[PDB]
Amino acid sequence: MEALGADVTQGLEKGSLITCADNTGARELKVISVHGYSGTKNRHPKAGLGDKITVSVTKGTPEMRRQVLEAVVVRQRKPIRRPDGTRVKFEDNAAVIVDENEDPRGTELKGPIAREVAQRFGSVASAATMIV
Amino acid sequence: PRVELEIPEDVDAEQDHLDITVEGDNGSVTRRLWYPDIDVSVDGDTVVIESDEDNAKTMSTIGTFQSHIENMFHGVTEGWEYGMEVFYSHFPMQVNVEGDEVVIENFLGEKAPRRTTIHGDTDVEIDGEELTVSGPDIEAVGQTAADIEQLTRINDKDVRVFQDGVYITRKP
Amino acid sequence: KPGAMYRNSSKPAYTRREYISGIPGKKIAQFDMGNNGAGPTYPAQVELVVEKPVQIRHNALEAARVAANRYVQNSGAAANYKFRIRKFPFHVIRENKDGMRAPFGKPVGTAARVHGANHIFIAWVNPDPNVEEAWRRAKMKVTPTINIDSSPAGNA
Amino acid sequence: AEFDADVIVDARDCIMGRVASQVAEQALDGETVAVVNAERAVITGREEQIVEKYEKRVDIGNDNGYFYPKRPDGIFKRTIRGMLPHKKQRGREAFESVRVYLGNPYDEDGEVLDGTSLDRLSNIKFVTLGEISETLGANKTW
Amino acid sequence: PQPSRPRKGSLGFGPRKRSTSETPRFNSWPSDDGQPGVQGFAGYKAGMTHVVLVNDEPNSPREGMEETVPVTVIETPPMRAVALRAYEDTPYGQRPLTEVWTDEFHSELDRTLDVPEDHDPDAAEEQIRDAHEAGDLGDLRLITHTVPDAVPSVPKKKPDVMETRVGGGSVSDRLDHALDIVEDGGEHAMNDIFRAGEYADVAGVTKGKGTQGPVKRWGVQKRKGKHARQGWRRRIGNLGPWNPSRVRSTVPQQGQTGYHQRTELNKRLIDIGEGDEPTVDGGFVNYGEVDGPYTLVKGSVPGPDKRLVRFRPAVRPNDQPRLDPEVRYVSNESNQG
RNA sequence: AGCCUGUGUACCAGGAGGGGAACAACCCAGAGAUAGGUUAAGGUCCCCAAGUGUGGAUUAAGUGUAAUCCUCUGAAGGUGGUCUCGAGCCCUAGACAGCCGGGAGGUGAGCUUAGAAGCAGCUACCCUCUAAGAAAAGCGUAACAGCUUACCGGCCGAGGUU
RNA sequence: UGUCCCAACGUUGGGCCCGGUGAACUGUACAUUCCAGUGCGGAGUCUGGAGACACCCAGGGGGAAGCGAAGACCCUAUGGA
RNA sequence: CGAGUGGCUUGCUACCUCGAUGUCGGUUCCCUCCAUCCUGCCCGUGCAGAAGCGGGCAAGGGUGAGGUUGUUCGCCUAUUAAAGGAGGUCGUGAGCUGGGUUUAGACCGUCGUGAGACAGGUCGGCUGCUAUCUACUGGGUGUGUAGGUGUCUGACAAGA
RNA sequence: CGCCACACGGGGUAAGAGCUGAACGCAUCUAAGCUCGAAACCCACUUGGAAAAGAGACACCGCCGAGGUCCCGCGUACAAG
Ligand SMILES: [Cl-]
Ligand SMILES: [Cl-]
Ligand SMILES: [Cl-]
Ligand SMILES: [Cl-]
Ligand SMILES: [Cl-]
Ligand SMILES: [Cl-]
Ligand SMILES: [Cl-]
Ligand SMILES: [K+]
Ligand SMILES: [Mg+2]
Ligand SMILES: [Mg+2]
Ligand SMILES: [Mg+2]
Ligand SMILES: [Mg+2]
Ligand SMILES: [Mg+2]
Ligand SMILES: [Mg+2]
Ligand SMILES: [Mg+2]
Ligand SMILES: [Mg+2]
Ligand SMILES: [Mg+2]
Ligand SMILES: [Mg+2]
Ligand SMILES: [Mg+2]
Ligand SMILES: [Mg+2]
Ligand SMILES: [Mg+2]
Ligand SMILES: [Mg+2]
Ligand SMILES: [Mg+2]
Ligand SMILES: [Mg+2]
Ligand SMILES: [Mg+2]
Ligand SMILES: [Mg+2]
Ligand SMILES: [Mg+2]
Ligand SMILES: [Mg+2]
Ligand SMILES: [Mg+2]
Ligand SMILES: [Mg+2]
Ligand SMILES: [Mg+2]
Ligand SMILES: [Mg+2]
Ligand code: NA
Ligand code: NA
Ligand code: NA
Ligand code: NA
Ligand code: NA
Ligand code: NA
Ligand code: NA
Ligand code: NA
Ligand code: NA
Ligand code: NA
Ligand code: NA
Ligand code: NA
Ligand code: NA
Ligand code: NA
Ligand code: NA
Ligand code: NA
Ligand code: NA
Ligand code: NA
Ligand code: NA
Ligand code: NA
Ligand code: NA
Ligand code: NA
C-alpha cells in the first residue's frame, strides 16, 4: 500500500477484541486476519494502525452479529512513531467496518482517528469528526 | 577430399595458422576455420580446403568451410545487405541509431527505450520506415539484423494481435 | 495386474481343464477377420513375428488384435483382406490372492505361449500394405519386440 | 622459490593425466620434478561434462572437509598426488619433491615427455586447465 | 506436518570467534574512479543523540520537511600516512614490494612500532617505479595511524595502525599523489576524504558479550509451555538427527558472542564538523566531552564507546549522494534521564 | 525375494595360499620345513610387479575402463548420430535437388443450383494444339480471381533414389 | 494472567577460579576421524578415498545400535504357580 | 493393452537384535531429495485483454496462523505470492512431552457355566545415569615453519 | 516491543528465441562456429583464514640487547586461560 508516513508497532493480534468506531450497529469487533500479511512459524498474525483487517462481529445488533466483514484500524493503544520522532498512542483500539471499495459501511465515525489513516483511506478519512 | 576455391580478381585472401583473412574494396573479414584434420591454405590464386578423411562429419565441415569462404569473397566485394521494415499499429515506434547501437523508443508505448549493440563494421542506415543492415562479415550483419527483429520480441501477449516491431523484409 | 506377473514361460504347462475349474472366458472376440468367406488367394502376405518366447494374456491378444483390425478400417468394414491370429490362450494362469501358507493360487486368467520367431498374426492383402501399419500398432500392445515380415511380395 | 629440479617438464598442450602419470613414476625413482605452464595443460573430452566433474568436486564437502584446488596450480598437483601413495613415507617424499607452476619461472624451457603432446590440428574436443579454473571461479593470475 | 521456518542466525558471520585485531581491516576497497585519493579514514566512537534534518530526499513526499534522525557521534581528528606501501602482481596474488617512509614521526608512534632511524626513501621509490615500468605494480596503499592523544576521552595514547588503499586516476598519477601526501608528514583529515552527505561503510569490532546461550547467540527459542518447567529453559531440542552420527557445525551452540568485526554498509555522513556542537549535557555516558574534529553518522555504528571505527566510501551504495544536508537542530540534552 | 520345499553335483561348514577394492562357498589352487626356478587365475599408464606393446577398425557418449553377483540395472518404444555389407530402379540420349521459363485452348465441361467456373455434391473424364499441360493432386474465394502439385523445356553437372 | 505472540532485565543458591576433603558408575584390545562402499543385511578398527600437529579448559549431549536390567511382548520347555 | 522407475504405504519373507537398538503423535534443532505449491526464465493454448489451463528449465529463498481429534491423515475458517510433497533408525525420550499405545484398579456392552476374554468403548495410572571415547560450538598451552615489532597477502572455507 | 544497515552490475549456462551453416546443391538454431537467455552457477559483497609442510610477503628495530613475561593501577575484554 501507500506509506503510512509513520512507523507502527502492531498492537493487535488475530483474536483481539476491539472497538467498532462507527454507527453500523456493530459495537465489538474480533480480528480474524490481516490483509496482505504472512507471518512466521509460531508467530501470531499482528495488526496495527492503518492495516486493513478481516473481522467478525462479536457484539452489536442481532442482524450484524456473527457477520464476517472487512475493516480498518483507526486507533490503537500501543504507540506509533511520527517523522518528527514523537510517539502517539490512543485511549483504546478501534476499527471502522469498510466495504470492497473501502468505503465506511456506516455513516458516522465515533471518536478520533489518526491522521496517517487519511493517506490510505480517503472516504474513511473524509468521514472523520476529529483527525489527530 | 579437396575443394579448390578460385579467389575473385577483386580480392586478396591471406591466412596464417587457422585464421583466414579476406580483403576487398568493401572491407576485410577474418575467420577461424578450425576442425580436426581439415587444412585450409592459400595457393596463390586459389584457397584449398582438404583433409584425408571422408566421413560424414568431415564432409560436413569441408562443405561448411566452403560456403564460409565464398561468403567472405562476396562480403569484401558486393557486400551483404538485409532490409527491414518498422511497423506499428497504435503507438508510433521510433527507431534511431545512437552510437554503436540501434535504439527503439515508445515500443508499445513503453517508457523505457529498447536497445541492442551492432556487431562489427555493420552499417545500419535508417530512412523512414525502412532499415538497411549492411557489411562485409555476413556473420555480423545477419546477427545485427536478427538482433534488431528480436529486439521487439513479445511473449506476454498474443503476437497475432500485437504485431508491432521491426522485421526482416529482404534477405541477401 | 502387470504383464510382469505372467510374461515368462517358467512354470509347467498348465492346461488340463479336466483338473482345472473356474477358468475365465477368453476376451478374444474373433480369430478370423476380414473376408473369411474367401481363401488366401492374395498377392501379398505379411506376418507379425514374435521375437522372444513369452506368454501373452488373452488381455493383450484382444487389445493387440483390436488395435490392428480396428485400424484395418482404412480399407473399410467390408474391405478386401483377411486377418488371422493363429495362437490361442491355452495356458491357465493363477494368483495367490494366509500368506505363503497353502499358496497354490486360484485361476485368474489364460495366456498363449509363443516361441520366439512364430508368427502370431497373418494378414492377406493386395498391394495395399496398410496392414504393415496395423501391426506397428499391434506389437505395441504385446510384451515382446516384434518383426513385421512380408512373405509373398516381391512387389517392392 | 628455487627448486633444484632434475627435470623440468612443460605441460603446454599435454595430456595432464599422461604427464602426471610419468611425473609420479620419476618422483618415485627419486627425481625432483617441476611441472611448467600448468595453466596451459589440457584434458580431452566434452568441456561441459569435464567441468561438471570438477565443479562437483569443489562442491563435495562437510565439516571434515574435502579441500579441492581450483587453480590449475593445485589441480595438476592433486592429480599427481592421486598417482602416489602420498601417505606412505616414500610417497610423501616423492610427492614433495614435485612442484607444479603457472607459466615457467625458470630459464630453461621445460621438456615435453613422449606421448603426452596433443595435436590441436586433429583435436577440437579438449580443455585447458586454465579455462577450467576460470569456470571454477579461480582468480586468473596468469 | 511440521511447518517450515528459516534457520536461526546467519551462517555468514562465522566462525563466531573473538576478533584477531580490535582494529578493523577492510577486505574491499572502492573503485578507481575520481581523482587520486585515500580510500578511508578512522575515528573513535563517542555516542548518540538526534539531529533534526530537512527531508533531503527528492522522492520523498516529505522532501523539505523537518525530520528527526538518530546519530552516532564519532571523534575523527586528523590521522597520518607515515608511509606508502607498494604491491606487485604475482602468480600467487598480490605481495608487498617495498615502502617509502618519512622522518617526521608523531611523538608517541613508538609505543607501537620500532620507528625507523635509517631508511632509503628514494631507493624504495625507484624500485616501485621500475616495477610500474615493468608493469607488475599492483594497487597502492598508505600505512596510517591515529592520534589517540588528540582525543582526551580516549585513554589510549598508543596509536592504532591500519593500511588504507589509494585509488586514483592513473597509477602514475596516484602513485605520485601518494608520495606527496607521505613526504609532507602524512597529516590528513576527514574533510580530505569525505563530504557531509555521502555514504560510507563503517567497519568495527562489535561490543563483546563473552559466552552466551544459543537463544541469545543464534536466536533460537526458549522452551515453551510445559517444556519450560521440566529442567530445560534455554537449550535446544537436539544436536542433530541419529544419522549422520556427529554434530554438524551448522547447529546453534553456545560460545563467544560479540567482539566480532563487522563492516556495516551504506552509512550516510550527516555532518563533518569540529568543536563541541554535538556534545551532550553531563557528558557522553562512559565516554566524556566532545570538542574537536567530529563526524556525525546516521543511525548506529558497530562497537562500544571509545572503540576505533573505520570509514570507507560505500563500495555498493544504493542512492546517489545528496551533499551537505541541512541540519536544523542537534540535541545536546543529557543522556542521563 | 539375500523366499519356501525337492533333486544331482561340487564347495563353505571343517579349506590355507594366489586373484576378485573389501567379501564362507566366483576364478586359480587343495597345503610338511627351507631354498632356487617356472607357471595358474589374474594382470602389464600411475597408485602397483610387468607394455604408455604391434597390425587393423569402431565409438565422442567419459558410452566404457562393471566375468559371476541382494551387490554390476536399465525396458517397451524410438534414432538422416555414425560405421560396414547387400538388393532393386534411374543417370552425360544429362539423372536427384534447386532456380528460370512454360503450365495452352473447345471450356466458365454436363448435371444439379439464384450460383458453381479444376476443386459443395452427382456423372463423365472426352480432343486439339504441342516440347509440355488433369473434364485437375493441394490451398484459396460468396461464387471468380490469386497461389501452387502434376506434366515440358532451359540453366547446372554427377552420381541419385528405394 | 509471561500458557503463547517473544522474549528481556533483575534476586538468591549453584555453576567458574582457589585451599581442604574426596567417592561411584564404567573398562577385550586398539582408538584424531569424516564420506562412501563392503560385511550375519545397522562398521571409529574391513576396502577406497578425504581429512588429520600435540595437549588442555568450558559446553550442550549427535554417535559409541552409550551406561543401567541373562526382554515384561512373542514363541519354545512332555517348566512353576 | 504394453514397458518401466521409486522404495512414502501395504503385503510377503524370516537375514539381523530377544544377557532389551526405549514403538505413536507432537515439539525443538540441523542437513538433504525433486516427481516444483509460490517465486525467476521459458513453450503451447480452445493465447484479444485481464484472469486461466497445460507443458519446459529450475531446489536460491519461501511454503505461515487457527477450530474439532492423542491423532498421522483429514474435515473446516480466515489470511496468503503459495500456504508442495518426501528422506535422515516412519531424524530427533543419555532433549522435552506423555494425550494415545501398553501392566497392575474400575465400569459398560458383547461372549463364556466359570475363572475370564474382545484391534470394543471408558475414568485413573512412574519417564533412571556425575560423559571415558568420538563429534561439534567457543576458549587456552605447546611444538613446527626458524630474534622482534608493526602492516599485509590469500590457498582455501562460510553465507540467503 | 525501539533504531540503523543488508545492491546493482558483469561472466558463463539450462529451458527457450535466434544467426551463419553443411552433411543432403534446397531446407535446417547444430553437426564445426556464433548471438542471446533463469530467483539457479561463477565473480561481485560480508566473515574466517600462515599449520597453505611450496608452513608466505614487506618495512623497520635488534643479536648484549629489540622485544616480551611477571609486577602495579584498571578495563573498549573476560567462566580458567
Ligand atoms: Cl490469520
Ligand atoms: Cl568442505
Ligand atoms: Cl599412501
Ligand atoms: Cl576432437
Ligand atoms: Cl519447547
Ligand atoms: Cl585335499
Ligand atoms: Cl570423467
Ligand atoms: K529384540
Ligand atoms: Mg506451533
Ligand atoms: Mg494474458
Ligand atoms: Mg519433568
Ligand atoms: Mg539516557
Ligand atoms: Mg526524556
Ligand atoms: Mg561348523
Ligand atoms: Mg611398476
Ligand atoms: Mg557411466
Ligand atoms: Mg551381467
Ligand atoms: Mg581409510
Ligand atoms: Mg532372556
Ligand atoms: Mg505373558
Ligand atoms: Mg500348573
Ligand atoms: Mg539407543
Ligand atoms: Mg525436473
Ligand atoms: Mg537447498
Ligand atoms: Mg522416528
Ligand atoms: Mg520429521
Ligand atoms: Mg529417556
Ligand atoms: Mg536421543
Ligand atoms: Mg541424564
Ligand atoms: Mg495416560
Ligand atoms: Mg484421556
Ligand atoms: Mg486412558
Ligand atoms: Na491360516
Ligand atoms: Na512390445
Ligand atoms: Na580425460
Ligand atoms: Na570440496
Ligand atoms: Na529436571
Ligand atoms: Na524445574
Ligand atoms: Na536415539
Ligand atoms: Na571340502
Ligand atoms: Na581378497
Ligand atoms: Na564415466
Ligand atoms: Na514470570
Ligand atoms: Na553424545
Ligand atoms: Na521398482
Ligand atoms: Na543384546
Ligand atoms: Na515422537
Ligand atoms: Na527451490
Ligand atoms: Na487440525
Ligand atoms: Na530407533
Ligand atoms: Na522419557
Ligand atoms: Na517420542
Ligand atoms: Na547471466
Ligand atoms: Na607460519
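What you see of chain E is 2-338, where the numbers are those given in Swiss-Prot.
We read in the header that X-ray crystallography, 2.9 Å was used to get this structure.
For all residues, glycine too, the Cβ spot is worked out from N, Cα and C.
When the ranges E:131-150, E:151-170, E:271-290, E:291-310 are checked against Swiss-Prot, the one recorded as region 'Disordered' is E:151-170.
Taking Swiss-Prot as the reference, the stretch among E:96-122, E:312-338 described by the feature region 'Disordered' is residues E:312-338. Broken down with DSSP, the region 'Disordered' (E:151-170) shows 1 helix, 7 strand, 12 coil. In the compositional bias 'Polar residues' (E:247-259), helix, strand and coil residues by DSSP number 0 helix, 2 strand, 11 coil. Mapped onto DSSP classes, the compositional bias 'Polar residues' (E:22-31) shows 0 helix, 0 strand, 10 coil.
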